[PDB]
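Just the one chain here, laid out as structure tokens, in the form deposited in one PDB entry.
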């Protein structure tokens, strides 16, 4: 884009999700919370910028976008649960698997962010 906000926003969340692997390896367990809080905040920002530019779109394809938005919050809620397991097992031999499931949740949150991008995108069918 040249001024698309919802896009730049989606690309931010995708970037924050992309930065997770290195951070879980350089941060102590205590720090995993702040990292996910950022993903958390970047998501809320996005979900918000979409809600604003939502009434400017066909009052039809609205049930479709609201559909992914609810999906995203589901995604984050799961990422948090995983992150909590990732913590409780910081010094057990289940560390790697916990982190692995954390990253898997994060990847699906970006995949869903991208699906959201596309939905609101194609939604330029109105004007």
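For clarity, a rigid core is taken as the largest C-alpha set superposing within 1.5 Å between two forms. Numbering follows the first chain given and starts at 1.
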item	value
57-65 set against 88-96, stretch whose average Cα temperature factor tops the other in the entry	57-65
Mean C-alpha B-factor comparison - 28-36 and 46-54, higher one	46-54
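Keep in mind the form deposited in another entry is missing from the figure; the text below concerns it.
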query: Residue from 81, 88, 73, 26 whose Cα, after superposing the rigid core, lies 2 Å or more away between the shown form and the other one; finding: 26
